[PDB]
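Below is one structure, written out as structure tokens; the observations come after it.
Read the figures in this text as sums done on the coordinates, not as results from a lab. Ideal geometry is used to build each Cβ from the backbone, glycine not excepted, and the neighbour counts take in all protein chains shown.
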Amino acid sequence: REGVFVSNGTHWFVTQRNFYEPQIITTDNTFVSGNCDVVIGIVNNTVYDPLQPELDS
Amino acid sequence: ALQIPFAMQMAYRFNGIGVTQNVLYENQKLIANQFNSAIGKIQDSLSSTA
Ligand SMILES: *[C@@H]1O[C@H](CO)[C@@H](O[C@@H]2O[C@H](CO)[C@@H](O)[C@H](O)[C@H]2NC(C)=O)[C@H](O)[C@H]1NC(C)=O
Ligand SMILES: *[C@@H]1O[C@H](CO)[C@@H](O[C@@H]2O[C@H](CO)[C@@H](O)[C@H](O)[C@H]2NC(C)=O)[C@H](O)[C@H]1NC(C)=O
Ligand SMILES: *[C@@H]1O[C@H](CO)[C@@H](O)[C@H](O)[C@H]1NC(C)=O
């Protein structure tokens, strides 16, 4: 939604474009459009869903 | 000068005009082809219009 995806070599994070401030990638940081077969250079990772732990417990 | 992939640079350029970056990424080939054709048209104009 804002910022870019970065990787320190082992983990992927999202951070604002003008200042390194890594955050866990969640559904509140990103948006969904299309699928994996269209975007050139898309990488595999996981997106944390803040709702899941609230309903699991 | 902070290196950035050109496609991501264009993603920022698109966000700056109110067009969500997924439009760029989904249409990256079309946009690149339109850019190359526009450049070719610039070449033809400069080579033909005194
Ligand atoms: C990339 O970032 C991740 C996330 O912080 C790092 O993983 C952590 O590393 C520290 C040690 O520096 C551990 O104490 C944490 O438990 C790790 N957390 C997880 C979730 O793995 C990772 O080490 C970083 N990689 C580099 C090369 O710095
Ligand atoms: C990212 O993950 C997807 C699956 O989540 C990978 O897609 C697989 O691609 C291989 C190669 O054609 C297929 O044989 C598999 O069947 C695909 N998976 C599924 C679930 O259909 C994709 O290749 C991965 N990309 C990278 C760069 O790791
Ligand atoms: C980046 O370019 C290299 C070749 O220099 C290529 O092997 C690699 O797959 C490319 N990655 C992406 C995401 O386009």
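Numbers for the structure displayed
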item: Degrees separating the helix B:6-15 axis from the principal Cα axis of chain B, which is the longest one; result: 80 degrees
item: Residue-averaged beta-carbon neighbours from other chains (10 angstrom radius) around A:45-51; result: 0
item: Principal-axis tilt of helix B:28-48 within chain B, Cα atoms, nearest 10 degrees; result: 20 degrees
item: Using a Förster distance of 30 Å, the FRET efficiency for residue B:47-residue B:15 (Cβ separation, nearest 0.05); result: 0.30
item: Label point distance in nm, residue A:1-residue B:4, each placed 7 Å from Cα along Cα→Cβ; result: 2.0 nm
